[PDB]
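Starting off, we have a lone chain in the form deposited in one PDB entry, written out as structure tokens.
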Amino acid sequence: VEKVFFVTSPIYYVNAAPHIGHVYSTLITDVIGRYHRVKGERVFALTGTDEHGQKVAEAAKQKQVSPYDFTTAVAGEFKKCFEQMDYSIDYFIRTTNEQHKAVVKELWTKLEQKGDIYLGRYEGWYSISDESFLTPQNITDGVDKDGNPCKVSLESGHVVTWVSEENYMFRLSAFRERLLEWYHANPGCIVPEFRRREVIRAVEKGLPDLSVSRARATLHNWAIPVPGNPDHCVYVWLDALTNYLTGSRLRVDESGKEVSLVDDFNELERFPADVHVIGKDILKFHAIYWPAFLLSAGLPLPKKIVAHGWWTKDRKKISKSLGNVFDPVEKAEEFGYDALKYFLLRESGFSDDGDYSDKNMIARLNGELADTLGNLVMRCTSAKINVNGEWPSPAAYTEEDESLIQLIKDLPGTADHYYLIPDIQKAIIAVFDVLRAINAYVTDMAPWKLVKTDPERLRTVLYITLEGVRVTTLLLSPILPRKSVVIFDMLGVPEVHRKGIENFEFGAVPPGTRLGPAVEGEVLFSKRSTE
């Protein structure tokens, strides 16, 4: 199936300003998208904002402002932040969009016509802040904003409230067996593996039916009305999840503005998502509810859901009220955009709750980006070493030459598999393992001495080094999109050879290609003061 590769981030609540969690999720989405574009594939990468619900409307009220104005402003803060982060996302969706509402109504009607929605009751706990229904086993005792006894979510720690309401219910219980068939038949469909096992164990135990509407009053009328019943509003999560379907059906103009909603998803060849990127906090919605809605509606299911962990800073929770902030724009202005991206993607795997510190950030910047990558680029482009400023024609390869060539040839296959899991950390580590071997080869060969001693031998060492740098940089370009261009410029790699699987091959750039011009004080990654 040749198709548009469709990758998504969650759409974020607009109750507060964007922070590291949103930036991270969208980064991962962006990297996956970029990698597939460099493979030469059609890509549609989607992100946005989740703007309805009690959470958002009550946040708007605290600030004493209309929900229309509040959501528009905060959505604007998200757009600005992502523009500043220099992502390459194809569309930013908002759930207040009029075409999104039409798609939600359409999906609801499908579910209803399928016979999977009935009028019932929910009587139980609810976390407004997570917009999540909870069983008694998922709450415990805690303290409220006044310091008084209350109940709180075991999963999030936020305050829970008891809801008793006549609600439209989705027959989620009837999808147990089909969901288990889906997990078993596609054992790569949830990453990482231990989260897949978590989902299966939960669904094995049994699923209750799910409330998919609420009384309009309790939502402060900030939601999508239920088709055919104006007293009810659609559950914010059914509304939210549907953004993936809406996005798959929007034709977007050059300005990034939506201009048209197609009737059928096949028209645009995006749906279903190849990868949904999410935080672990919202796994049940994506791995249980969403596929259940899709099965009911007769829509195809996503290929992969990847769920990552939560960041801390200096081994403590990130929080403004606690005095431990982590502003990614600020840190990117301080250490560099590509460098911060690298750190976030290298420091932690999706299994882990990563930790940022300035100490570790500086260590990775100095050790990997500067000492390993940058130093190598300067060596093979130095006029002291590469005296003719060009890709030389290699002479015969020794066994040591060939062991390195083999590593370079194997790298694209290895990195590719890792990018497709996806496991971005392992893709990076694999590339840097090859960079370290190129460095050690260079140190071993001492090309600087070969200038005087054996110019022929130098041609060989230089060519292998240049090509190793080109291939590694190509595979890092989704992670260091700005710096990869600087490197290719320095190497004089023609535009055409900067993407496409043809250029994963060793030897794509011919001997005789000239290096890019030099600039006196130019430095690729400047080391930062250790303190």
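Just so we're on the same page, rigid core means the largest C-alpha set that superposes within 1.5 Å between forms. Numbering starts at 1 and follows the sequence shown.
One more form of this protein should be noted, the form deposited in another entry, which is absent from this view; the next part is about it.
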| said: To test your reading of the superposition: with the rigid core aligned, which of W311, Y126, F285, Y91 moves its Cα by 2 angstroms or more between the shown form and the other one? | reply: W311
| said: Tell me whether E456 is among the residues that move between the shown form and the other one (Cα shift of 2 angstroms or more, core superposed). | reply: no
| After a core superposition, would you say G374 shifts its C-alpha by at least 2 Å between the shown form and the other one? | no
| task | Using a rigid core alignment, state whether the CA of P412 is displaced by 2 Å or more between the shown form and the other one. | result | no
| task | Looking in that other deposited form, decide if the C-alpha atoms of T312 and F82 are closer or farther than in the form shown; they differ by 3 Å or more. | result | closer
| Quick one: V277 and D353 C-alpha atoms, closer or farther in that other deposited form compared with this form (3 angstroms or more)? | farther
